[PDB]
Protein chains: 2
Amino acid sequence: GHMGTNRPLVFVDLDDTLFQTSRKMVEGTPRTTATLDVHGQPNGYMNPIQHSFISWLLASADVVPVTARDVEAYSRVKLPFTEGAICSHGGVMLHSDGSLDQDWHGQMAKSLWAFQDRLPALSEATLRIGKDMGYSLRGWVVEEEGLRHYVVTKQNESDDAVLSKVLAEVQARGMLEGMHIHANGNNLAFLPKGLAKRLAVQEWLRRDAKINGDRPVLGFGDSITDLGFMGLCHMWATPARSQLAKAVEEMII
Amino acid sequence: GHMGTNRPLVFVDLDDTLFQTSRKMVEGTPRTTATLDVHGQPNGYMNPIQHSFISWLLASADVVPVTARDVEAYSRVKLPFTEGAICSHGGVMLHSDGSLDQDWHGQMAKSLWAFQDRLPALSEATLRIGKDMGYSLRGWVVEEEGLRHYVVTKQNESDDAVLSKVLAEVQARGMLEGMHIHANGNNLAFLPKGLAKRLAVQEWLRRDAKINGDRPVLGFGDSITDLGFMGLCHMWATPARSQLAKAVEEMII
Ligand SMILES: [Mg+2]
Ligand SMILES: [Mg+2]
């Protein structure tokens with residue numbers, strides 16, 4: 001029979017699904033502010049269709065962000081999400097009021113303690129292996145309170161093909177066993193096995209089913225690696241020009 | 001500025017996206033009737049998630065079916081669509097009250113007159129070429145009012161790989177120039193160039209923009225060939241276990 005709410009539960013990626021930076025839009029086109037930079041100034045935008053879409057979705061369903069952003073960067077997202085969030089590539093769950101989920105934090109600490117020294121070492125080596133190769137990079141360890149989660153690397157060349165080079169080398173040098181990778185645009189991330197959007201979405205659904213039983217689940221994402229959590233949904237969706245959609249277009253023809 | 005409605009326009013495939021036959025569901029599982037056969041008895045069903053999903057979508061957005069079903073077969077779909085429909089693989093547009101769109105019918109007649117004899121000939125040959133390789137098939141020409149639209153072929157072996165064989169031969173014998181194909185499950189269709197869900201959806205959007213300007217457009221489909229019309233949308237979506245989703249899963253790994 002029916003229990004709890006029967007409205008859809010919608011897991012949404014953030015960057016390049018709901019909004020994007022100025023450099024990824026055509027100059028001069030209408031837009032509204034979706035994110036702020038660390039200096040408090042706008043740095044991510046929605047075009048009019050994007051704003052209409054997320055407003056409709058927020059009003060029509062229970063919308064849960066599923067994002068690589070850490071808690072601080074998620075707090076600079078200026079959208080009125082009301083149901084909590086999954087942050088830091090699945091390393092963090094936030095309650096609706098923004099407080100940290102202590103249970104998941106405990107489970108994550110368990111999965112990631114074997115990695116706590118390797119992650120700073122791997123970021124150091126990558127940034128050095130990058131200068132060695134000759135690129136002007138940057139990178140850091142994403143961490144949430146002491147617990148270190150994953151490694152991210154970006155380039156300042158305006159050439160995202162730089163990151164594919166490095167990824168090819170670190171793979172050869174075998175610095176990535178027991179881990180998985182995310183590469184989209186100017187972002188290359190190295191993630192421990194037990195850190196994934198999929199695992200957090202899996203847990204979110206387990207908790208939801210105790211309250212609301214089986215209700216429609218929809219997943220929205222733009223990256224190929226978003227297919228991990230999207231495959232847990234009844235239906236999944238992608239923007240027409242996303243990394244994922246472009247890959248699908250090449251597969252059919 | 002704003003004009004008309006700003007609710008999403010959602011183009012939805014029907015068979016295997018919103019519902020399916022009994023043979024495609026697990027025996028005994030809960031279900032509700034979505035379609036009737038020609039004898040008036042139920043023959044397509046929604047599981048509880050599917051029913052919750054389409055009810056939500058119909059209440060939340062302007063939903064337009066985009067279907068291979070001809071007008072008679074669409075009339076056996078027992079869902080309360082209120083905005084009209086695209087039928088017969090894009091060959092037919094219906095107004096909200098179910099009456100035929102005369103303009104599109106005129107444009108289709110124009111595109112398909114060079115095919116009016118070839119389609120019965122191609123169906124005849126395919127059904128004969130099928131008995132020769134010895135499969136027990138069946139097929140016919142889909143037509144609405146005299147104007148012939150496309151050729152469909154099915155098999156009674158319970159072996160959908162039979163149709164891939166025939167398709168390989170008719171392609172070799174070159175009976176399909178100037179045409180395109182749809183193959184999913186126990187269905188193989190040969191379509192003239194100017195007959196496509198994409199063309200009708202393209203026209204539907206052109207008309208909508210004169211009334212409602214630019215509003216979010218979402219496309220839902222399960223077949224690889226549904227990517228034609230889905231690529232005209234701002235976002236597209238698919239059931240997690242569709243032909244399309246299965247192809248995407250093989251492309252990534
Ligand atoms: Mg993203
Ligand atoms: Mg279908």
Side-chain angles (χ1 to χ4, degrees), chain A residues 1-14 17 57-58 60-71 74 81-115 144-145 147 149-150 178-180 182 191-221 223 225-237, chain B residues 25-26 29-30 47-53 56 237-242 245 249 253:
Chain A
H2 286 261
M3 184 182 285
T5 178
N6 200 29
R7 296 205 311 169
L9 178 56
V10 185
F11 293 104
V12 295
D13 180 73
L14 296 186
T17 295
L57 200 66
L58 287 168
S60 305
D62 294 323
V63 178
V64 179
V66 186
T67 185
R69 288 175 174 255
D70 65 9
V71 174
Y74 174 67
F81 296 111
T82 60
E83 304 303 314
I86 295 163
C87 300
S88 294
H89 266 297
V92 167
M93 290 179 47
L94 302 178
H95 301 299
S96 46
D97 68 342
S99 61
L100 181 77
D101 189 279
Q102 293 298 330
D103 272 301
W104 190 247
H105 173 65
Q107 297 171 231
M108 287 305 306
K110 209 175 83 74
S111 308
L112 300 188
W113 212 71
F115 288 83
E144 295 280 47
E145 253 143 2
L147 189 66
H149 290 185
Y150 69 92
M179 306 183 73
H180 51 118
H182 165 77
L191 286 70
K193 183 180 183 303
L195 175 79
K197 299 181 169 192
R198 181 180 175 91
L199 293 166
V201 168
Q202 179 177 75
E203 171 66 12
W204 196 290
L205 289 167
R206 196 195 58 80
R207 296 169 179 199
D208 187 68
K210 303 203 298 186
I211 303 164
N212 296 302
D214 218 44
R215 63 177 168 147
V217 179
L218 180 44
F220 279 84
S223 295
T225 60
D226 289 330
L227 280 167
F229 82 84
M230 283 157 81
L232 299 178
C233 304
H234 297 109
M235 21 214 12
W236 54 259
Chain B
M25 310 169 68
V26 180
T29 60
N47 65 41
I49 290 298
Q50 291 172 316
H51 177 257
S52 297
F53 180 70
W56 172 77
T238 195
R241 299 285 313 288
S242 60
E249 104 188 326
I253 294 169

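Per chain, numbering begins at 1; letters A, B, ... match sequence-line order. Scope of the values below: all heavy atoms of this structure, side chains included, with no hydrogens, waters or symmetry mates.
A:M179 has its side chain within reach of A:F115: a pair of non-hydrogen atoms, C-beta onward, lies under 4.5 Å apart. A:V201 is listed as a side-chain neighbour of A:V66, based on a closest heavy-atom distance under 4.5 Å. Between A:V64 and A:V10 there is no side-chain heavy-atom pair separated by less than 4.5 Å. Annotation: side chain of A:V92 is in contact with side chain of A:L100 (closest heavy-atom distance under 4.5 Å). Side-chain contact between A:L14 and A:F81 is present, with heavy atoms from C-beta onward closer than 4.5 Å. Looking at heavy atoms from C-beta onward, A:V63 lies out of side-chain contact with A:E83 at the 4.5 angstrom threshold. Within the 4.5 Å cutoff, the side chain of A:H234 has no heavy atoms near those of the B:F53 side chain. The closest side-chain heavy-atom distance from A:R198 to A:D226 is not below 4.5 Å.
The minimum heavy-atom distance linking A:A61 with A:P8 is given by the pair CB-O, 3.4 Å. A:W104 approaches A:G90 most closely through the heavy-atom pair NE1-O, 2.8 Å. Residue A:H149 comes nearest to A:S88 through the heavy atom pair ND1-CB, 3.6 Å, listed as atom of the first residue, atom of the second, then distance. The two residues A:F11 and A:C233 make their nearest non-hydrogen contact at CD1-SG, 4.3 Å.
Listed for the B:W56 side chain is no donor-acceptor partner under 3.5 Å among the backbone atoms of A:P216. No donor-acceptor distance shorter than 3.5 angstrom exists from the side chain of A:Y74 to the backbone of A:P65, with no hydrogens or angles considered. A donor-acceptor pair under 3.5 Å is formed between the side chain of A:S111 and the backbone N or O of A:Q107. In this structure, A:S223 contributes its side chain and A:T225 its backbone to no donor-acceptor pair below 3.5 Å. Side-chain atoms of B:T29 come within 3.5 Å of backbone atoms of B:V26 as a donor-acceptor pair (strictly under, hydrogens ignored). Under a 3.5 Å cut-off, the side chain of A:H180 and the backbone N or O of A:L195 do form a donor-acceptor pair.
Atom CE of A:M93 and atom NE2 of A:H105 lie 13.5 Å apart (nearest 0.5 Å). Here the CG-OG1 distance, from A:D97 to A:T82, works out to 12.0 Å after rounding to the nearest 0.5 Å. Summarising the geometry, atom SG belonging to A:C87 is positioned 7.5 Å from atom CD belonging to A:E144; distances are rounded to the nearest 0.5 Å. Atom CG of A:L112 is separated from atom NZ of A:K193 by 12.0 Å, given to the nearest 0.5 angstrom.
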Run the side chain to side chain contact (heavy atoms under 4.5 Å, CB included) test on A:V71 and A:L94 for me, step by step, so that the C-alpha distance in whole Å, both residues' side-chain angles and the decisive distance to 0.1 Å come before the verdict. CA-CA 9 Å; A:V71 174; A:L94 302 178; 4.2 Å; yes

Determine, stepwise, if the pair A:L9 / A:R215 fulfils side chain to side chain contact (heavy atoms under 4.5 Å, CB included). CA-CA 7 Å; A:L9 178 56; A:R215 63 177 168 147; 3.8 Å; yes

What do the steps show when you test A:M235 against B:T238 for side chain to side chain contact (heavy atoms under 4.5 Å, CB included), and what is the final call? CA-CA 5 Å; A:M235 21 214 12; B:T238 195; over 6 Å; no

Verdict with supporting geometry, A:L218 and A:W236, side chain to side chain contact (heavy atoms under 4.5 Å, CB included): CA-CA 6 Å; A:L218 180 44; A:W236 54 259; 5.6 Å; no

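Look at A:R69 and A:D13 and you find no salt bridge, because none of the NZ, NE, NH1 or NH2 atoms lies under 4.0 Å from a carboxylate O.
Remark: A:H182 pairs with A:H89 by the ring pair (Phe, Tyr, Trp, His ring centres under 6.0 Å) rule, at least two apart or across chains.
Side chain to side chain, B:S52 and A:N6 meet the donor-acceptor criterion of an N or O pair below 3.5 Å.
Counting non-hydrogen atoms of neighbouring residues, nucleotides and ligands closer than 6.0 angstrom, the CZ atom of B:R241 reaches no more than 12 such neighbours.
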